[PDB]
């Protein structure tokens, strides 16, 4: 028997699910056939409509106190929950019901972890985080837009293998992935240190791999593993390595608030 997972998307763009399709350890096919039992996920489920809602209800019962609940996307509270309705009910109701019997609860992505893009600006829908919707519960936050999928998969594997969550910081983020500022572990720090800065894309220093601070790099105010774990497991791939500043997508008040070219505060 494999450990059960219930995945509910709220105001999600599906990028957080799609991250799993890039994963290699495990691949999504090994995740769903070998690592877990994915009891509800609307993107991949054979069943639809009444049949899929029946699957969820049956799972919530059969695996009460045993399943990991995962949520992507923000949860909209304005106007009594009507900005996300599934099977004729606000999503906040579906999430609260599923949370009741969960062994562990994960906010995958910046939207569920802290509101993310969907809660930015004027916040049209009163979008909030998963933790805000579940005040009595400990929500494990896995931010990024989307995070590297293994930030999530190794969090789940820690629960499965060692029987408890990984160590968390004071935002309930796993320290193995979010324990350090990107700028406090970035390969371009020597250039920062020497005042060696790209000033525009395509300029001489940009074409030598210099620091992107003066292009708006948010590495100095963003916690994450983008410079070490990076993305896609091919080697050498993250935004800064490709030539673009970090935008701060992991980090509340940075990504989606500050302009790309707005300078970060350096500690």
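Numbering follows the first chain given and starts at 1.
The stretch with the higher mean CA B factor, choosing between 217-225 and 51-59, is 51-59. Legend: mean Cα B-factor per stretch from the PDB entry, 96-104 versus 140-148; the higher mean is in 96-104. The entry lists C-alpha B-factors for 174, 73, 76, 135, and the highest of these is at 135. The PDB entry assigns the greatest CA B-factor among 197, 83, 114, 178 to 197.
The deposited CA B-factor of residue 209 belongs to the middle third of values across its chain.
Sort the modelled residues of the chain by CA B factor and residue 45 lands in the middle third. Residue 164: CA B factor in the highest third of modelled residues in this chain (values from the PDB entry). The deposited CA B-factor of residue 87 belongs to the middle third of values across its chain. The entry lists a Cα temperature factor for residue 65 that places it in the highest third of the chain's modelled residues.
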